[PDB]
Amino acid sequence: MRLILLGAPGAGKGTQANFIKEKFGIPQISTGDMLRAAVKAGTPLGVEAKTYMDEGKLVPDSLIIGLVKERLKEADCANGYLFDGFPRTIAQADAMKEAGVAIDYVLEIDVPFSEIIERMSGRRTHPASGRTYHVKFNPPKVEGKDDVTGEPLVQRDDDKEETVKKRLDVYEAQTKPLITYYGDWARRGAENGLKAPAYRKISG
């Protein structure tokens, strides 16, 4: 199993990642973890990456991909691997191809945006007790009040409908080019000696 896993924020990718990695005994690979491990281990690419990070600068694609190639050489990738939230751009996708990183499937977690927005933004809590409510699925008996105490209910700023929608929009514009990139390649055939990954919407 050699996988890219794509999922919108709030779509529950983290737990699905965990399910998939457990089932095939393949490691979850993300750029954050790769950078930190490489930096901590004083690897040559890690020291180089740190020169950018110390300065609040973008670590360049050339370097991330270099960390990827070393990462995939490790023992734990012998049965395969799961990219979580990488690639993010078509140039990264294309760098991975040109670097010879094999990918069998692009799996896109399938959970409609309206369900995500609905799920998160209707949430309310009573902070003193931790009691939760949902404006739709578990409404308080009196709007904006805790059933037990009568005290005010709150909504997290991160959960506000338009904050959530803005996160999905960004994800969407990041992800669509990646799906197109891989779909077009799969219709063209093998490149750099690699087959395009097969696209699956998994719901799943």
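From 1 onward, residues are counted along the sequence shown.
| task | For the higher mean C-alpha B factor in the entry, choose 194-202 or 2-10. | result | According to the PDB entry, the answer is 194-202.
| Hey, which bit's got the bigger mean C-alpha B factor in the entry, 47-55 or 133-141? | Taking the mean B-factor of the alpha carbons in each, 133-141 is higher.
| If you compare 123, 73, 126, 88, which has the highest Cα B-factor in the entry? | The C-alpha B-factor peaks, among 123, 73, 126, 88, at 73.
| query | So among 69, 156, 36, 167, who wins on Cα B-factor in the entry? | reply | Within the set 69, 156, 36, 167, 167 shows the top C-alpha B-factor.
| task | Tell me, lowest, middle or highest third: where does the Cα B factor of residue 65 rank within its chain? | result | For residue 65, whose C-alpha B-factor we compare with every modelled residue in the chain, the answer is the lowest third.
| request: Place residue 149 in the lowest, middle or highest third of its chain's C-alpha B-factors, as listed in the PDB entry. | output: It falls in the middle third of the chain.
| field | Position of residue 31 among the chain's modelled residues by C-alpha B-factor, lowest, middle or highest third | value | Within its chain, residue 31 is a lowest-third residue by C-alpha B-factor, going by the deposited values.
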